[PDB]
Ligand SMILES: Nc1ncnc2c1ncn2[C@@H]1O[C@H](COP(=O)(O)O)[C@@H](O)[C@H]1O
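Next up: a single chain in structure tokens, the form deposited without the ligand.
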């Protein structure tokens, strides 16, 4: 089989350091006491360099063959806008990029921008910018002239996969659609990314290519909230229309941003499953003071059919953070293999559609496991009551506003 890695939401905090006063352990805790801080982080902190390095070192030494890597954004830490600048955002993205290029000199990597990959965060523009030009320079080892040109103009590109003839990655800037982006209010096609996307998918159709979509913020609804799409509804609906129309050319969709392990299945209006969607959890374990749950750090690997690119499996790895901070050594380890955790043949939409139908049945053992894996096994005693379960299952199965509302009405 072929394989590729997916990492996301690294969120390096360069200030992390163990010290007696736990309000000074990390600037990303914003003056709150780090809860139980160790060398690999704290649930109230973003990622120490040591954690990010241990993730990439695990990947390097895993014994897993992989022909490329996708990397879907958010490298600066969660600190207030005035504590960052354009220069600091670039410096952190540069550090992450150079860590990857130093450790994996021969591995093509396909990055996407996250909402924090800009100063101020979330305000990614629809014209060229310092950050777009800087990441064009940084990612030039992996990208050709046309990809570099679109990246500098609007933060998006497509690129052939050198090691996989007939495969093309489309890296969208979905931060252009993200609610907090005040640079794009009421634009029908910001940075002309929809037109471009349609043009690109058309060319892949006629060049007999398969396409993997990557982006930071995903399509669909947030599974912990009621009727809250991850990007603005207008843009979610327009993007999903493109994806449905081209669902025979797109062989997978891969997102980050939510810092959780989630599945979605894009269907049409009449319940026919069309395309599979995978949201990967973060390397950072950070959470706010009030939140009950967070994720363990995660990285994941996809297996696909050579020369075909049908998705065959997904292996999710994780770092048990409490364990690693208690002994001072990481033990990145397999959390689950999707086919064998869920007893499904593969990652095709039919397989995942049937699995979600299983999730919806009462006391489903599969949904209980899924919900535990949602937080990357942070809390094995975590409960999802009927309202919580309806929100998760409806967001998994229904990406568009109409079918999602239908789903909630019936549940």
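Positions refer to the first chain, counted from 1.
In what follows, reference is made to the form solved in complex with the ligand, a form of this protein that is not presented.
Problem - 78, 216 and 224 each touching the ligand in the bound PDB entry (heavy atom, 4.5 Å) - result: Every listed residue reaches the ligand in the bound PDB entry, so yes.
Handout entry: Listed range touching the ligand, judged in the bound PDB entry by heavy atoms within 4.5 Å, from 264 to 272, 251 to 259, 337 to 345, 298 to 306
Key = Only one stretch qualifies here: 251 to 259.
Exercise for the section: Have a look at 228, 85, 310, 291 for me and say which one sits with a heavy atom within 4.5 Å of the ligand in the bound PDB entry. Expected result: Checked against the cut-off, the match is 291.
Practice task
Quick one: from 115, 316, 108, 150, grab the residue that has a heavy atom within 4.5 Å of the ligand in the bound PDB entry.
Solution key: Partner contact (heavy atom, 4.5 Å) among the options: 115.
Exercise for the section: May I ask you to list the residues of 1 to 32 that have any heavy atom within 4.5 angstroms of the ligand in the bound PDB entry, in sequence order? Expected result: Contacts from 1 to 32: just 11.
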